[PDB]
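Enquirer: So I've got this experimental structure, pasted below with the sequence.
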Amino acid sequence: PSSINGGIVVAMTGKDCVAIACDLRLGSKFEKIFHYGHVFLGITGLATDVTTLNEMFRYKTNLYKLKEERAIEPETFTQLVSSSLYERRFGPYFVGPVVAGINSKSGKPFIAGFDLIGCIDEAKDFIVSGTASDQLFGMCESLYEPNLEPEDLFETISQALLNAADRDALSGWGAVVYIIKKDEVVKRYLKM
Amino acid sequence: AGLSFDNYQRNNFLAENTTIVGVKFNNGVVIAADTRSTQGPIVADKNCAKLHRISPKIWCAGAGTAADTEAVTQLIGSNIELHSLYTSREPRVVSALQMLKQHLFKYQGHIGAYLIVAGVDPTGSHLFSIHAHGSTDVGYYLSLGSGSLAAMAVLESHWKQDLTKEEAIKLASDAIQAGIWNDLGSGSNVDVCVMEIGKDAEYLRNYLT
Amino acid sequence: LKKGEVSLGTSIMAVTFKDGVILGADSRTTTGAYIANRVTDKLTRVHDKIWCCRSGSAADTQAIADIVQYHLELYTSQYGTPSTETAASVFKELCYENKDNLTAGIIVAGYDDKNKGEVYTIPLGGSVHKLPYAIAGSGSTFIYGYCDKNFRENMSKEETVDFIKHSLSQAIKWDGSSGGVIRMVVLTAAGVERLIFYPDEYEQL
Amino acid sequence: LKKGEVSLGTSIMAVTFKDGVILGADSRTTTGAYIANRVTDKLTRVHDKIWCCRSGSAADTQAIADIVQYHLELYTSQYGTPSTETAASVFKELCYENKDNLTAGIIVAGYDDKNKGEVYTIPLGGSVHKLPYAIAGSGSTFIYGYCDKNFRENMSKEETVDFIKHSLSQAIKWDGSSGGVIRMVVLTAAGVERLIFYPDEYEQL
Amino acid sequence: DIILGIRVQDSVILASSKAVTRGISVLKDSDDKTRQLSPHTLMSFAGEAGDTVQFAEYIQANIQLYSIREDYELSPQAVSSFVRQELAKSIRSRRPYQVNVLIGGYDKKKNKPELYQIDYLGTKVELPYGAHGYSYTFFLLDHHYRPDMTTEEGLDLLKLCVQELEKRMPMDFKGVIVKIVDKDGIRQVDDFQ
Amino acid sequence: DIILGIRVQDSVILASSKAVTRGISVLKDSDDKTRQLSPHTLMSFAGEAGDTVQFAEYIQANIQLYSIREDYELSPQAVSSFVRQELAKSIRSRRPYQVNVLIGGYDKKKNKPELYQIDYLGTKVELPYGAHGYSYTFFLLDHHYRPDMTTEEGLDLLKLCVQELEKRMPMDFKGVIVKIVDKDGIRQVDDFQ
Amino acid sequence: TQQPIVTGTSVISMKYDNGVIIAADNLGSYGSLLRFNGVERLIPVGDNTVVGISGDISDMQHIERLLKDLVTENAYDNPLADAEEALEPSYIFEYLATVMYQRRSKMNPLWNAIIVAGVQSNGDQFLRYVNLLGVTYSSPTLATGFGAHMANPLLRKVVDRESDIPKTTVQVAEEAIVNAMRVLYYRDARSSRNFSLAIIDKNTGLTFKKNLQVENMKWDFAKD
Amino acid sequence: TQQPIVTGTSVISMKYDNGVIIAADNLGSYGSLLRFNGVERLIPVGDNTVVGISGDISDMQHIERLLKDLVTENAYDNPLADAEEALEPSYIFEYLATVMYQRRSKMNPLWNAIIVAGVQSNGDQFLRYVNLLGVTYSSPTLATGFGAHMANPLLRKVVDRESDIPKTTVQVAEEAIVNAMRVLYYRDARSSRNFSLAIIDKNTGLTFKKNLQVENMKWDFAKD
Amino acid sequence: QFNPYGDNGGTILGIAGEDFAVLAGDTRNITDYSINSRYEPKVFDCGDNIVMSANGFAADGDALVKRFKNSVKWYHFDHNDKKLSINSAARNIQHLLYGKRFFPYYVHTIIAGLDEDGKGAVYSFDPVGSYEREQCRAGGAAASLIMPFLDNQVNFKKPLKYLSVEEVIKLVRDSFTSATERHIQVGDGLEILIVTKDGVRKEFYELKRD
Amino acid sequence: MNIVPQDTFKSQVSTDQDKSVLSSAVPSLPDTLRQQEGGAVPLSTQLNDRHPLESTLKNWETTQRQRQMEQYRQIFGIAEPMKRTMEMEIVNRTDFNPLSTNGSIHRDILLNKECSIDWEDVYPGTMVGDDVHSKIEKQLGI
């Protein structure tokens, strides 16, 4: 019940939309995806570091909105995450973060991943984080197709998560999926 | 202040429980790299830009810890921009070399960045290699990365003093191509940057494929 | 000494002769068995007629040499041209006070109107020794006898050039960490003269 | 190689000349920094005109030399005087087949009517090399250049004696494990001649 | 040291073993592994030697200072967040020490019980039931727990868990002290586990 | 594994815990750590895994061969000497293994009980009482032992020792099987300890 | 064995249209000391095979003894031992690879890397590699040690696939080998300027060239 | 510090009726290599003190700098800095021993063994020893390193007790020191034939002899 | 201490059809980041319509294949040239692997052929001889990429039982092309051996060489 | 003339070494509540298991400045380091901004860091005692 370390995060890009999904534990709270207005961050790894990073980024994004008088864009948030991670060069957090979002002015979807000291990997297709399943990357590679509609993208990412969960730990596995458009965000739960 | 040492003991307790070339030619310098980015044996990105810009006419490419390379390059670029504004003069490659050398020596090799730096300034064209511990060296042609041996073989095969711009570009492209073919770390594309005296820098993304 | 650090497996010579001093070295820098640079220049200038060669850690010796050059510029702004003894003393102080953290050895060759050419050696540890001639590096061990049999005081310039060329050719022949061209600097009252000799010349000696 | 074992930090030379061969060595045996024996004889006779010098473990080399002498007596009982090549082959076989348990290196100098004086070197590992002249030991490293500059084919007896004396004097001068007197054996068609030179003679060369 | 906690519909029940130090025989009648943070928030702790007691007393002092300064009581959520922050801070420059805390409270603004668990690295999890120190009581809790259980049913489940624990421990296990936090405050069950 | 033995005026009482290996749950009713060497000599053993059982079975085979060959029974002293020799021999060329044996017999030539203890290095000591596997029963034995005690008093002392052992062990300690060797042979106390 | 003492650096080889070419330097190193000059590391076996050996020199001499004994035993009571019963490169490689794997399995290995080159009796080219672990493989270009990292990229530009073999003449292959040796002399600290080369051709037989030296060295840009 | 690199072997010393004698060789070794010849290891302080140092050469030069600075600071504004306020051997030894112990306590020691010899202003002989651990002691004969194992037995046969000091002339003590140096040159592999000697006498002052060589060496029985 | 093991990372895949079997492998032989060769086959015909591959340390796999083929020769000599069935071959290989229990081969072994009823059969082995019959198995560096591709393409989606030889060959080629695009150690070439009642057929395809 | 910082380890410890957080009930003991370090941080734990580069990084600039002052003393005399130190002391002494942590412009001009950036500049960085009055008390020494 108190063991929540680990997990997986999958981010994918469609046509004028993005999808970010994470695994969720069983029933009888701790979700690994957070948002800062219209930028979504999913963190895998040590749970205490995940909570610390979420609190720090909420702090920084609130101050940024108060000063700039506008919400922060995915690229700027990516750079901020990179610099914050690099600050702890010799004591780094045991985390793998993934960022997804849509730029307001341009409408271009954006996803990125980070290493534990902030090296940025900007991918045009998808990002997978976590070490729960080794075949999850292969399943995402086999299922992904460029320029998918939000319904098709949701189906693809949900199928990838379900297939990864089937050949892995079971009896309580759940998923949380976010479909992000320029003006609409949909959050869904998968109990399969 | 500075880089933090917090959670060092905690991390210890938890633990207890690329081809880059640079070529000089008669009126400038050329730097070239491959575009394959890997995370272990997995190809993370088939089109990655490894050529970085310290200043409009001073470029570099690195190996080692990627985050360290990027951070050090950006810090030195900020220092170079401020110094150029302060002196109202074009930045010199020697100044960037001095800043990089002293910064790397301060950290006693704990910043894992190995660099090739090429540039053009009012004093001429310059090419340097920089080691993580702070040692620097000068040369007419340099190679770096896991594919550096094949690229160096190609460079030693077809290098001469009187090289034109086109010959230098072809030689750098061939060295990167050899690293691409014979090294598992490289393979996708070739990025080039040509810095010629008296002209703007020319950045060629995906020069070959 | 540091893990994964560039070392200086060189061949260094400095000989005092009738008109001044000559400093000579090879041009090979290696990483293990791979030759990282075959045309490196190892003759470091810290003042117009005060030059040195370095051994040990490359980064530590480069930092020490830069500090020494800065110190000599400060001294020159006050009292004019420094003596070779002053530069050797500064090198010795920097090497000795940091011997627990830095690995450095320095051969210093200088000329001035008062002393008329001098050689100093500062091996690892930080001690200083003044000698009529000095050898250092991994390849020096193979020419200890030959030099002892062929050095004379007050040799002419050409004889000193030949002696250094022969000794460094043997050092290159027997040491795997030494090779390339032979570079020399001649410091006299007339000025500074740079010389280079290629393998096809000295390998036939 | 074995813990607390006597090693051979010597200076060994063997030179072929017009009339035959000459084998020379120093006479110092040390335990760390203490000199255990300053008048030791290092010229080992395995046949009337086949001699050797040893390096590495003293016990292993002594055992190998005794076995080789016994083997050569057996050979002589059958076919007469053996050649230097045969003795070198026996030494090589013994050293190579036991290289995982014994540390031994051998320089062999011989004379016979057919080959007229030969030198063989068997370094650690057990490989064999035939050379016009050979040097070995901890003090040999300091005379690699000098010998390369002063050896000529078909030298006279006196010139060879002088060359060996100078080279070994330098080796003694620079190596702490080498010292004492210089002992030489001259093997020609005339017979075997033993020579000794004292420090007060060769230190003034 | 073993600690257990169950959040039932209207209260939180915390059970702590009244153990003593090893190598010294002690006779006492006090619960030394529990500090009252606020009149409606209790904390139980387990782990190594006096580091844990120092941390618990430091937390209690800070919370009492807040209560005096504001003339107000922090909610259990805020108390747990502060404890998590302080625990994360305490090991930023030293080797981590074994510690595990259960915080049980009754929020009067929301009028509901709450239970949190924080491990030695500073991971806070909100749970309906929890335990620490046991080498399986988790299955017994899973099969016999309902969100709308009364205090008596929670006490019966706690007694079953205590019996299961004691069936595989020596007689040196003297017993477990049980406390209940609800809308009337914190009380001690002097009768039995 | 824990073994105990008391030599009373006319007999020897040997008690062995009916324990089991770790990681596998077993339901059995037998004394697996005791071999009958001869109709008037019994051996109890404790230690590590099957090495001890192999040694005990080897000893039993040798003694049975002697009994068949000579149509006669070795005295307990000779049996203990042979066991000591074999135990010393078994570790002359291998790393020693943990083993401890109690040999209890009734010599009919002398008409008296005898008890011996041999440790893992092959040290044989003749003792009035002995034990192995206990981390104190020594004081209880010293205060309440007399050379001329009857079988009943020895059984009472054994029961006191068993109670002392069980007061500091979990309920996983199922019990102790007790056997008595006297002039009528070897019998098992089926009632209790 | 269990440690190398005196060693040689690298051997390089390639196939051309009518045969094979192999080459190796003549140096035996003693650590950082370039001790022995004049060590032959190409061993001609028969009139059709050449074996190149890199690594421990004493083990190399042991292998030379084994090869000579194999040649002698082939001719034992064999009238046509040189006409139709002569040794093939494949036979020699099979024996050598068996020996290498067997001595690896004994934890008593021979610290060498071996390349066998030659022409079979039917005119087919043979070029194969074995090492101290018993790992064997074949390729149109082969090299050991430092050469494997620098000579192979240069040689694969001439012969990159099987179909390139018929298009490569002896002159082009020899020039490529010479340039690769020059590059190795440039960038290998344990290398020598003196090297030996061997050409095995299905028409002209075996040509063994000794005392070859690296020439045309660009030591001119170091003046500034 | 924390490792010696360039070192000198041994210093020997003894008392006689009217003064003290000390001696040391002129070699700086670099391991087994006898690198530097011409290293002076006897440092004269004032007109009445000599300090002999064995061990690390760089630390020895540091100690020489300290001694020179001590002399300069004593001189300073003192008018009678050479008549009645000159430095005594006891003062110099006290300062040096304090430095040695303090640097030992810092885990940053000076890797040397030091002997101070001289004559006090009242005519008394002074001869004391300190090392890198701060251990100090006095004796009518003193030696460091190999000398402590070979020179002391020879010197104690001349001066075995305090009462032997008035019976020992300068000639006998000097001959004993010379013979001890010859024995050390015989049996020490890091020794040199060249050595320096210093005599401090309450009547004749300081006599410093350089360029002394071991003579009368019995290299004659090695012929057979 | 001398390390007797090495690694020559490659990828193999065995699939059992209705009346055929296929065993495929990449032809790349590498050491660390270097390329030893671009065409070094690892799938061999062992006689009696049995194909074998031992991926991992190349020397151990070559030795195992050599021993198995010699044993097959003696089996033919001693039993009137009787055909060796696939299950008997699997048992022999299990014994060969377990004979090195305390000094094991550092390989993973796949064999393929036809059973007694004519159906395709594939057997997979652990390094010390534990073996099982399977419908499909991928081994090596890129197995975790090849298996999801086949699982998405096929149902074990047209069922595997009704697939033809050409369709299986196409699926193997597509999966290996994808793995070559994603994995640095996979490329150069792909070789497939097909076992049917008529015998063993070889096919070769080129892969990306970077 | 040091390059790498030296003599960084502490030679003596005591329970009252930190004079600013001494307890008022027991002046020989520290006040753990006002330390605000988590309440479970003994001083002894700070003497072991430190990253070896931390001391070098923390004292690097001071070491370089001391070497520069020593060079000035050797070459120019006592007056030059005296004047540099006096200027730095005057600038640092009269700056008191309890609500800010950034250094002054004049300090950067004196340190010749007008157009220089290091990681200390990029990354310059409770319940009890983090107010203006604590800084006033520390500054005035009352």
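Expert: Received the coordinates, thanks. Numbers count the residues shown, from 1 in each chain, chains lettered A, B, ... in the order given.
Enquirer: Tell me what residue B:130 is bridged to.
Expert: On the basis of DSSP bridges, residue B:130 is bridged to residue B:115, residue B:136.
Enquirer: what about it, neighbour count?
Expert: Residue B:130 sits with 23 neighbouring residues when counted by other CB atoms under 10 Å in any protein chain shown. The C-beta positions use only the backbone N, C-alpha and C, and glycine is treated the same way.
Enquirer: I'd guessed it sits against residue B:114; true?
Expert: Yes. When contacts are counted by CB atoms under 8 Å, residue B:130 is listed as touching residue B:114 (6.9 Å).
Enquirer: Who is residue B:42 paired with across the strands?
Expert: With DSSP bridges as the criterion, residue B:42 is bridged to residue B:39, residue I:183.
Enquirer: how near is residue E:145 to residue C:17?
Expert: To residue C:17, residue E:145 is 96 Å away according to CB to CB, to the nearest Å.
Enquirer: Residue J:125 too?
Expert: In terms of CB to CB, residue J:125 sits 62 Å off from residue C:17.
Enquirer: who's more crowded, those two?
Expert: residue C:17 (24 against 6).
Enquirer: hang on, isn't that one packed against residue C:160?
Expert: Yes. Using CB under 8 Å, residue C:17 makes contact with residue C:160 at a distance of 4.2 Å.
Enquirer: Could you check stretch G:72-84 and say which residues are buried?
Expert: residue G:74 (16 or more other CB atoms under 10 Å in any protein chain shown).
Enquirer: From start to finish, how long is that stretch in a straight line?
Expert: One end of stretch G:72-84 to the other measures 16 Å (CA to CA, to the nearest Å).
Enquirer: Which residues outside it are in contact with it?
Expert: The contact list for stretch G:72-84 (CB atoms under 8 Å, 6 or more residues apart in numbering or on different chains) reads G:47, G:85-87.
Enquirer: Now with 10 Å, please.
Expert: G:45-47, G:71, G:85-87, G:91, G:121 (CB atoms under 10 Å, 6 or more residues apart in numbering or on different chains).
Enquirer: now, the most widely separated pair of those residues?
Expert: By the measure CB to CB, G:71 and G:121 form the most distant pair in those, at 16.4 Å.
Enquirer: Going by residue numbers, what spans are strands in chain G?
Expert: Counting by DSSP state E, chain G has strands at residues G:7-8, G:11-15, G:19-25, G:27-28, G:36-37, G:42-45, G:49-56, G:112-119, G:125-130, G:136-138, G:141-143, G:194-201, G:205-213.
Enquirer: Where does chain J get nearest to chain A, residue-wise?
Expert: Closest to chain A within chain J is residue J:123: 5.0 Å, counting by CB to the nearest CB.
Enquirer: just the strands in the chain please.
Expert: Since no chain was named, I'll use chain A. Ranges of strands in chain A, per DSSP E, are A:9-13, A:18-24, A:33-35, A:39-45, A:95-102, A:109-114, A:120-122, A:126-129, A:174-180, A:185-190.
Enquirer: wrong one, chain I
Expert: I:11-16, I:21-26, I:29-31, I:34-37, I:43-45, I:50-56, I:107-114, I:120-125, I:131-134, I:136-140, I:189-196, I:199-206.
Enquirer: ok, and for the last one, which residues are buried?
Expert: For strand I:199-206, the buried set under the neighbour-count rule, 16+ other CB under 10 Å, comprises residue I:200.
Enquirer: orientation of that strand relative to strand I:189-196 in degrees?
Expert: Going by axes from the mean of the first three to the mean of the last three CA atoms, to 10 degrees, strand I:199-206 is angled at 160 degrees with respect to strand I:189-196.
Enquirer: Now do strand I:199-206 and strand I:50-56, the angle between them.
Expert: Angle, strand I:199-206 to strand I:50-56, by the same axes, to 10 degrees: 40 degrees.
Enquirer: close to chain B, is strand I:199-206?
Expert: No. Counting by CB under 10 Å from any CB of the partner chain, chain B has no neighbours in strand I:199-206; the shortest distance is 14.5 Å.
Enquirer: So which of the strands of chain I is nearest residue F:42?
Expert: Checked against CB to CB, the stretch from the strands of chain I lying closest is strand I:131-134, at 49.0 Å.
Enquirer: how about the closest one: buried residues?
Expert: Across strand I:131-134, burial judged by 16+ other CB under 10 Å covers residue I:131.
Enquirer: For that strand, output the C-alpha coordinates as CSV.
Expert: Only the C-alpha atoms of strand I:131-134 are listed here, as CSV (Å, rounded to 0.1, in the frame of the first residue of the first chain):
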residue,chain,number,x,y,z
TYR,I,131,14.2,-27.0,-23.0
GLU,I,132,10.6,-26.6,-24.2
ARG,I,133,8.7,-26.9,-27.5
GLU,I,134,7.2,-23.5,-28.6
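Enquirer: now that strand: how far from the chain's centre is it?
Expert: How far strand I:131-134 lies from its chain's middle: 13 Å, per CA atoms, centre = their mean, to the nearest Å.
Enquirer: cool, and stretch C:14-22?
Expert: Counting by CA atoms, centre = their mean, stretch C:14-22 comes out at 13 Å from the chain centroid.
Enquirer: Could you list the alpha-carbon positions for that stretch in PDB?
Expert: What follows is stretch C:14-22, C-alpha atoms only, in PDB (Å, rounded to 0.1, in the frame of the first residue of the first chain):
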ATOM      1  CA  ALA C  14      67.900  21.300 -21.800                       C
ATOM      2  CA  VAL C  15      71.600  22.000 -22.400                       C
ATOM      3  CA  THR C  16      73.700  25.000 -21.400                       C
ATOM      4  CA  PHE C  17      76.400  26.000 -23.900                       C
ATOM      5  CA  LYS C  18      78.900  28.800 -24.600                       C
ATOM      6  CA  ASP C  19      76.500  31.400 -26.000                       C
ATOM      7  CA  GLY C  20      73.400  30.500 -24.000                       C
ATOM      8  CA  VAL C  21      70.900  27.600 -23.600                       C
ATOM      9  CA  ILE C  22      69.000  25.200 -25.800                       C
END
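Enquirer: So that stretch, near chain D or not?
Expert: No. Against chain D, stretch C:14-22 shows no contacts by CB under 10 Å from any CB, the least distance being 15.6 Å.
Enquirer: Return the distance of the residue nearest the centre of chain G relative to residue G:188.
Expert: With distances taken as CA atoms, centre = their mean, residue G:52 lies nearest the centre of chain G, 2.8 Å away. According to CB to CB, residue G:52 stands 16 Å off from residue G:188.
Enquirer: now residue A:189
Expert: Residue A:189 is 63 Å from residue G:188, where distance means CB to CB.
Enquirer: between the two, who's got more neighbours?
Expert: Neighbours per residue, other CB under 10 Å: of residue A:189 and residue G:188, the larger number sits with residue G:188, 23 against 9.
Enquirer: Straight-line length of stretch A:181-189, end to end?
Expert: Stretch A:181-189 has an end-to-end distance of 18 Å (CA to CA).
Enquirer: could you dump the strands of chain A to a markdown table with distance to chain C?
Expert: Below are the strands of chain A laid out as a markdown table (distance: least, CB to the nearest CB, whole Å):
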| stretch | distance to chain C |
| --- | --- |
| strand A:9-13 | 35 |
| strand A:18-24 | 39 |
| strand A:33-35 | 40 |
| strand A:39-45 | 28 |
| strand A:95-102 | 27 |
| strand A:109-114 | 26 |
| strand A:120-122 | 26 |
| strand A:126-129 | 30 |
| strand A:174-180 | 44 |
| strand A:185-190 | 48 |
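Enquirer: Which one of the ones you listed lies nearest to residue C:121?
Expert: Smallest distance to residue C:121 across these (CB to CB): 50.4 Å, for strand A:120-122.
Enquirer: Pull the distance from the closest one to the chain's centre.
Expert: On the basis of CA atoms, centre = their mean, strand A:120-122 is displaced by 13 Å from the centre of the chain it belongs to.
Enquirer: contacting residues for residue C:37?
Expert: Counting by CB under 10 Å, 6+ apart, residue C:37 touches B:129, B:137-139, B:142, C:27-31, C:180.
Enquirer: Mutual contacts of residue B:130 and residue B:114, please.
Expert: B:62, B:104, B:144.
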